[PDB]
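Topology and contacts: notes
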Amino acid sequence: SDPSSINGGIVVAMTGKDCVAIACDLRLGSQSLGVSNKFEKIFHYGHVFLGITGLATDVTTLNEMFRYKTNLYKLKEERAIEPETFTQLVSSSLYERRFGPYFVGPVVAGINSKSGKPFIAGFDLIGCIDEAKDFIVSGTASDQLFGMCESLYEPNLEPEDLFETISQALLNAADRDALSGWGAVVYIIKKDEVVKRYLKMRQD
Amino acid sequence: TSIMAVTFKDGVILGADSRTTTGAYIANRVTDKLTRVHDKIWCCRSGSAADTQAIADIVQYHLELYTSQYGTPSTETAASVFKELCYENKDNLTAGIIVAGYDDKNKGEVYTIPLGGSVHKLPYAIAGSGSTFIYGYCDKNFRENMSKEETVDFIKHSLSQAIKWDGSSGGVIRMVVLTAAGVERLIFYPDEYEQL
Amino acid sequence: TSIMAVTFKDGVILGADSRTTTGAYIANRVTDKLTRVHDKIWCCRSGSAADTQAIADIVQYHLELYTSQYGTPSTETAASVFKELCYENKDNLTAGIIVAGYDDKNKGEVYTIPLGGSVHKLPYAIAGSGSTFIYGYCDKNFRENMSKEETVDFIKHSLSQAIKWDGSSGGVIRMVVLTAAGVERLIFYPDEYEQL
Amino acid sequence: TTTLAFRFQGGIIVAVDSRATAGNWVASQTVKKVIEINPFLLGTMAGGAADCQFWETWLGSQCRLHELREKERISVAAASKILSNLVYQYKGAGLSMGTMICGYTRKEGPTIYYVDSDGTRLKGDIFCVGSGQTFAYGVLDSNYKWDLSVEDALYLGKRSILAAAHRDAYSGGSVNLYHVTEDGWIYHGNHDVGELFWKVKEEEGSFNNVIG
Amino acid sequence: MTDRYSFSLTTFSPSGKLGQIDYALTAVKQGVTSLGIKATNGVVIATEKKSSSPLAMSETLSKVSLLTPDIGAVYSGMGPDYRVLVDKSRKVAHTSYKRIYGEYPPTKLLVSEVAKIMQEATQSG
Amino acid sequence: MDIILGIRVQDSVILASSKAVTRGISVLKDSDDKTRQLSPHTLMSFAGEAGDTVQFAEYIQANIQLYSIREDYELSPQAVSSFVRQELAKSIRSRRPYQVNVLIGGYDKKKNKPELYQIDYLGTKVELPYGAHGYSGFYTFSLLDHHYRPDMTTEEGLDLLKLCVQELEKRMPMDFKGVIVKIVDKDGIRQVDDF
Amino acid sequence: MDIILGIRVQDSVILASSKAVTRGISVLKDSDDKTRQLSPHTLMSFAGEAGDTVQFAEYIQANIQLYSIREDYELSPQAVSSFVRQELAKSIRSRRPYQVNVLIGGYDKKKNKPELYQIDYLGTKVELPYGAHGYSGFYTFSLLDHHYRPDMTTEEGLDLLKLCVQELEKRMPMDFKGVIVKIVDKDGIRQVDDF
Amino acid sequence: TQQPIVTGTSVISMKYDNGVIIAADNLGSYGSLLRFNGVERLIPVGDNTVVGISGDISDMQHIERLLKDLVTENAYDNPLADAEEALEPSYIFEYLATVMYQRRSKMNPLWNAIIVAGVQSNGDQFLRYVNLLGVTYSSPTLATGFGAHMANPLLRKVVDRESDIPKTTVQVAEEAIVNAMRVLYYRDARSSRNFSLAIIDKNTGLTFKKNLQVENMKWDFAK
Amino acid sequence: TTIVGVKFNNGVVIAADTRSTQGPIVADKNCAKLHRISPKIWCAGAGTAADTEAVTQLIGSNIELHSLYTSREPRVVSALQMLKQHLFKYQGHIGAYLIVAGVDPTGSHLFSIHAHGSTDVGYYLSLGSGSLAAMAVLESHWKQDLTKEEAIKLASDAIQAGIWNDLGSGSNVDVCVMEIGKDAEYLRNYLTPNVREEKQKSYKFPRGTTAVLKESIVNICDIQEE
Amino acid sequence: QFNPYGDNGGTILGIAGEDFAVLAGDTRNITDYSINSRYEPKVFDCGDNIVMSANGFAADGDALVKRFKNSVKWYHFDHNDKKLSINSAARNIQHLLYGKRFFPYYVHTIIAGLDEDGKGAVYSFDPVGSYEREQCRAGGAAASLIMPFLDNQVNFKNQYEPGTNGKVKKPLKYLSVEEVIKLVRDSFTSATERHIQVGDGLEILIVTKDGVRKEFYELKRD
Ligand SMILES: [Mg+2]
Ligand SMILES: [Mg+2]
Ligand SMILES: [Mg+2]
Ligand SMILES: [Mg+2]
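In this report, the structure presented in the accompanying data block is examined. (Residues numbered from 1 in each chain as written, not as in the entry; some residues may be left out. Chains lettered and ligands numbered in written order. Part of a larger assembly, values for the part shown. Heavy atoms only, no water.)

The protein atoms that coordinate the magnesium ion (ligand 3) are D204(A) (O), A165(D) (O), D168(D) (O) and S171(D) (O), at distances spanning 2.3 to 2.5 Å. Accessibility expressed as a relative area gives 0% for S171(D), which makes it buried. (Donors = N, O, S within 2.8 Å, 3.2 Å for Na, K, Ca; no water. Buried < 20%, exposed > 50% of the residue type's maximum accessible area, 1.4 Å probe, protein only.)

Here's what the structure looks like:
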């Protein structure tokens, strides 16, 4: 009945020294029934990464919408959109549906190509921006993620250390949520290389 | 209902309108809302007519049995018996009662028992739907130790205004005077009090 | 809210308390409920604060545009504009407004516009939650053609009682006097009016 | 929750998952869903955790009193009926139970009774109860034979819970196995589903849909 | 009433000329000179304040206008046409950009929006 | 309607759909075909609210047939499934949404691969080796999780499908009156007339 | 539970009752016997709310068995049916009523006549040549109204019963997993093991 | 289950170095009608305890009678009723807390919030709260209803933790309480100007102050 | 949320806490609740966070255009009028509760605004879940003719009351001072009384702790030449 | 309509060691958005080397603890001062809770102590009396924030030995009392940061063969 917990899933993002990380589980379900273990929730438009949790139809719709908008942006601006600018575009787009909203929890992650500064941000379903310096969480196990991140996180972690921290934050949070799991992906993002790693986890 | 009781130099006087209502229909325009529970302990009734009649009949029974064993009860005692019934049966009752009586030791006393079943001893009390419209008037015009004639005028003028503004109140103004001299009934008709 | 407007020999005076309430919390204890829609046409507001502010701003706009085209509007005209907004939008509004103004031809006039959006021209008017408690007092004490000092006392005493009994009313008593001489603001503090 | 029990040549296999949830929140992964009524009788836990725990250890007390008074092991029929008659007294009050009372006696042989909080009492060969019951039934129905060995029957029960644990969001944690013989039940260990899934995937060749 | 001119007032002549655009350019030619120069660390725009009367306060007439905090504009031709274009340019910088991206538009894209408005007055009814 | 199943094997996609139509008290028909051919190598099965199912399916069919004529070209299964998803995603915020769940089985002639897409009435799309809608998956997925291989033949897929239907006929309370089975491969769409 | 039928022929009463037991989503059993022998020549079938059905049936069985021992005598079918009716009529104004409908088929050894009684959970009793509870009668009564004769043999009664079950299996949405059939005559009660 | 009819608003209190202070206004409201203006809501029990009550007034009068009966009962066959076996604040509270929880457990509550303030035999300060649900808690400052939201923040600035209690004199504590009562009069629509205040000190005993008024008010800025 | 506004001698000050919540969970520990409508008109918002943020930017945008159109610096009464009419039209469905303060050619101003469209004037105001705690402090220590230093002190003390006593409020105090004839000074994290203590343990993992199935390079670059 | 239940917030945590057990809880008591008390003890020594906490609705919580303490007293009277073992206490609490099955104590109960072999023991209960022996269990408001952290740092879940890449699990080595207290403090410090109902103070009761010891630590008061 509650649209934000029909399909399930989680996303988490973290900052490190000259890098950012964003991660998600792979489950899509119909309440108790597991339907897919390959439903990735992280997308990218140029060097800007977007994770989306919540109602899966809206997750797909919004990805298609932001691909649409960032493609037109690039053609007109003659440059790739930056994380700070894209964050405002997500906020604007969500608020235009104020009284008929997309039931989602978006998360932006990326590095500004000119300043080199790591950037992350979160939103509620209606557009309010949460611009944390440390970490952003979203999904049906957001409480669990807040608990993991608050204790595991420390500032200025090197890329390969940040990978371990965010991976352990996701995995252990997902294992305490019925509607999350069935696989996981972690993106490690540096100024001009991005590595994608699929994690081994319990399949119940 | 517009009802009130007022202590004065020689004792206490109870006052009431005579309207009984079921909806907008006046089911009785000459009702007697001033009820005797003992020789010189009377009460004014507001709320459910069934409830306040049932309570008053039980209190009269209690005070009759009290008198046979222990002699004349105090007004405080009568108020306590009313309170016990109203408090313990608060879930099932809709009753707002003012108790007024004359002792020789205590003289005139007034107790008000609102919906919840609490007791409040006061120099004077007002109750019923019509009382809302005369809180200002009564507070400005009440004095302690008034004469009989002044107290009759105060109640007549007060209930006149309550009747004027409250559709649920009307008819005649009945009064009962409680002093050492005895019990006196008064009645005032519309042609008298409307021109005040 | 306790609000009122009273015509007298030299014109009209508006009066109001200063309490704004969200539940039992006093959200503003120094509110100005006497609102100017034209130089010598003011109003008292009761009900939803959002609604009565929105209405008053629209009326002020209408009368400003009226004045630019046709000269000074009558108090009756101002009341009509208030009524039109209150009547036509009765389903979506909770507003009880008293309109008071001074012409030189008509002198002091008072119009009350209750919830439904009807208009009633009166010698004086009372409104708001606190008005219920002073229907008796005001009816007994109002006279036509009072002096300025008498009318100030009548309003001060009336709203004093309304404040005393109504929890929703309180703070300072404000008044605005409308005569040929101009516009005078008055304020009366608790230490003054509580001892009346 | 997923619980099952089935009759076969070598007695009864009882298999359950270990997960308890409050909404989406996973409260526990280490819940004991097989109640050891006594050394000869087992009960399964589904519906209300307290209702099942409380009334099935109570049942153990009634069974103990029976054998003290009658100097003879209580039948599965009699034991199951004591529980069903008790919950029927409470019908309407809001008890929540779905349980399999399992035993192996001389006069009856291996016997399973499904007992329900609305008063139902059914004797049967295969029962499966919980949010993941439909998944476990599929594996059971297509592989069940009376002439299964104890080893193969134990695996079938383990594999059926794994199937439910995989698909049903509210089932998982670990698998508890029991084998009920005439001389009493025998515990066959706790098996973590996380480790069991990968082990079964490789050895069996199943779950090709999942990357490992 | 109603605007019953729903047809184009600018059309191609046999020679391929759009007369009304050419005539608009002629009006620009009559206008007071304005210029712009780009440096390595800045840009300058300038024009003459041709005062219509010495009793007029020419400081109240702004020929050089701020469009955004980092963008300015100057013109040659019809002053009133410029004034309304500045109003439209200021608004479109907000409605079609700042209210979407939370930042002011780059010069080339604001220019693009102003150009679009001027193109439409060349084809619309 | 009720049960719709799908399985993608080595070289084909197989869709199985129940034959019963029930209007509350009575079974009005036991031979209903809950499918529409969208293009020569694309088939769509459907289930949901009465009326809306056929109305939606025929609407989609008309649109794909229109595209085929306009371009003289058959859209890929992926492209068709995206079009269908968008229509349902549009529908869910309408005045009265289409209450229709679909499976799309197609053979991509360019990639020479079978493809199965599952889309619910919200516009939730997933590509799967096997899928279902309603309660069908609750009974059948444990069997498919066990036996499924990506290199299965069409005959092996039909046998695994028979095992799924047998389990449905055993444990489901409703009589769905058997299934119509259709195969989608490089040669097009055909119906298995004995099942 | 679901379907219970009864037919009284020349010399016997035949009761047919479905075998399925459904716990919402799944069919837990397909061999359930929804009947109890009250006395050697009296049988009662039942359907209604879970738990209450068996609890009521066994309670009645215990009471009739108690009477049989006390008096060394079998009560007539009419007498048993009146006892059962009174229990249900008492139950309907209780704190929590028995939600149970029954058919009572008996052979009266005194009158040498078969008798069929239909009683619902309210305590509504009627003697009938044929009867049912729930929706069963809606499908079967038009066939029974046509073919029934009071002088039918037991074999003819079974054949008419088969036609009734076939119509139920065709038009009913639920799968009731066939029926157990039992015959009540002068020699007692027996089960037809192939139907 | 019922609804409160005639009600009393905030009760506020705090600990100081040698004892406790408690206060409550003298109003009995009838919805928004300020009906009864002379209601005493602080009820002393002996010379070592003061019970402050908010909520339903009819239930308050019942509790008042229970406490009166408690004193009578304690004196029965008790030669040390005015000495070692006198009623302690802790005894009075535990009794009330028992009654409140029992009444909520029968789904027929006494619709009140209660603060018991006093000094024990050994000189220790006693301050504890109980309400219609039977919920209990202790703190250096305690307040009911509106007082909880507005008085506590002010009183906690004086005594923020346990170690602040010995550093707080009776003059500073009373000053803080009186200021809080003024703030409540400014901001609570169901409050009155008239209030009562009680001090229970381990040296000077029970001081009960009636007919106090809120003074030194500001409106002038009515701008 | 706790927000306050206080008038003083030559201007006005607003302040706010920095906690934003989602039910009982703290979403952001250092949230920025002080918004800019124009250079010298600032507002603080309580209620639905997206609504306060959106309604502030819309009116702020229209205020900027109005300022350019009229060649005049924006007025607080304009921001107030535009905010209240917008909020009234949406009948409370836009859940924005604001305290609006600023300086303009007319002087210094302080107003509050409620979601339904009602406005208030005052020398001191508070809004949000911690408004009662804040108003208690304001009613205890406010006086006429406060200095700049006294007003900043009073405002932050009122926010602290909310921080410590209201569960809906916490973390830090933000302040903005708007004085006549001066630039508005935004003091982000003016007070920081809630720094987390060092943890007992480091939770940095050994490298290789997490099990990995597959690794791959993600192509974020555009299609390449040659 | 009268609601007999309320929510007083609070968070509790029980951990069983090899020869010890700890039961910790914050000292903050709340209703809605208000703080009732910054120090209201929630974990209690019940005698016989057993510690108990009943978190949730504080009135029901106090009532249950009071009745269990009473049950310990009467166990001594009835059974010749025999020590009530932790397993026996657990079964007894089930009956106290299930006695109000149809009008429950709205609490989540945890007890801690040592079993009859001297090993650490923790038992956990639902509102109506279902219970389990456990190694690790958080209860109340911030339970969902704490448990995943404990799964990872106590049981070493999802942690494998470097170099093996998922093939060999990190071995489950026993933790000292000093090590457990570190994890308890970090659990509550993190919970305080992200949950509004958690704060003010942390009180820990440690149970060994020598008896019951207490430790108190300040938490953030916002
Ligand atoms: Mg999971
Ligand atoms: Mg007042
Ligand atoms: Mg699972
Ligand atoms: Mg906190």
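Moving on to the coordination of the magnesium ion (ligand 4). The protein atoms that coordinate the magnesium ion (ligand 4) are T192(J) (O) and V198(J) (O), at distances spanning 2.6 Å. Relative accessible area serves as the criterion here: at 6%, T192(J) is assigned to the buried category.

On to the sheet that holds strand 3 (residues 19-25) of chain H, then. All names here are of chain H. Taken together, the five strands give an open sheet; going across it, the order is 11-2-3-12-13, and neighbouring strands pair in antiparallel fashion. Among the strands making up the open sheet, the edge pair consists of strand 11 (141-143) and strand 13 (205-213). Neighbouring strand axes in the sheet, compared pairwise and without regard to direction, differ in orientation by 10° on average. Of the pairings in the sheet, the one linking strand 12 (residues 194-201) to strand 13 comprises seven bridges and is antiparallel in character. By the bridge assignment for strand 13, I200 is matched with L206. Of the strands in this sheet, strand 2 (11-16) and strand 11 touch helix 3 (residues 146-155), which is tilted by about 160° from strand 11. The sheet contacts of helix 4 (residues 170-187) involve strand 2, strand 3, strand 12 and strand 13, and relative to strand 2 the element is tilted by about 160°. (Pairing = 2+ DSSP bridges. Helix = DSSP H or I, 4+ residues; strand = E, 2+ residues; numbered from the N terminus. Axes fitted to C-alpha atoms, helices over the stretch in contact; angles between N-to-C directions. Contact = heavy atoms within 4.5 Å.)

Moving on to unusual backbone geometry. Despite not being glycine, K177(G) shows a phi value in the positive range, around 60°. Mapped onto the fold, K177(G) is located in the loop between helix 4 (154-171) and strand 11 (179-185). Residue classification places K177(G) among the buried positions, given a relative accessible area of 17%. Positioned with a positive phi, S71(I) is a non-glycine residue whose angle comes to about 55°. When its relative accessible area of 67% is taken as the criterion, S71(I) is described as exposed.

Glancing now at the environment of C136(J). All names here are of chain J. Relative to the assigned elements, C136 resides in strand 10 (residues 136-140). A residue is classified by how much of its surface remains accessible, and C136, at 10% relative accessible area, is buried. For the pair formed by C136 and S124, sequence separation is 12 residues and the distance between their alpha carbons is 9.4 Å. Look past the residues within four positions of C136 in its chain and what remains in contact with it is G14, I15, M147, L150 and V154.

With that settled, consider the interface of chain A and chain D. Accessible area lost when the parts come together is the quantity often used to give the size of an interface. At the junction of the two partners, chain A supplies 21 residues and chain D supplies 25 residues. For the pairing of chain A and chain D, the buried interface totals around 1900 Å² over both sides, and the portion due to carbon and sulfur atoms is 50%. In terms of surface lost to chain D, no three residues of chain A exceed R176(A), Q203(A) and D204(A), which account for 31% of the buried area on that side. Summed over the shared surface of chain A and chain D, the number is two salt bridges. For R19(D), the salt bridge goes to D204(A), with nearest N and O atoms at 3.3 Å. Among the elements that make up the side of chain A that touches chain D, the one with the highest residue count is strand 4 (residues 33-36) of chain A (three residues). Split by residue class, the side of chain A that touches chain D holds six nonpolar, seven polar and eight charged. (Buried area = accessible area lost by both parts, 1.4 Å probe. Salt bridge = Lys/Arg side-chain N within 4 Å of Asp/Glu carboxyl O. Nonpolar A, V, L, I, M, F, W, Y, C, P; charged D, E, K, R; others polar.)

Turning our eyes to something else, we now look at the packing of helix 3 of chain H against helix 3 (residues 131-141) of chain I. The geometry of helix 3 of chain H relative to helix 3 of chain I is characterised by a closest axis approach of 8 Å and an angle of 55° between their N-to-C directions. Taken together, the axes of helix 3 of chain H and helix 3 of chain I lie oblique to each other. Helix 3 of chain H and helix 3 of chain I meet at a crossing whose hand is right-handed. Facing helix 3 of chain H, whose interface residues are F146(H), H149(H), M150(H), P153(H) and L154(H), helix 3 of chain I presents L132(I), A133(I), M135(I), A136(I), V137(I) and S140(I). When its residues are assigned to classes, the contact of helix 3 of chain H with helix 3 of chain I shows nine nonpolar, two polar and no charged. (Parallel < 35°, antiparallel > 145°, perpendicular 65-115°, else oblique. Left-handed = near helix turned anticlockwise from the far one by under 90°.)

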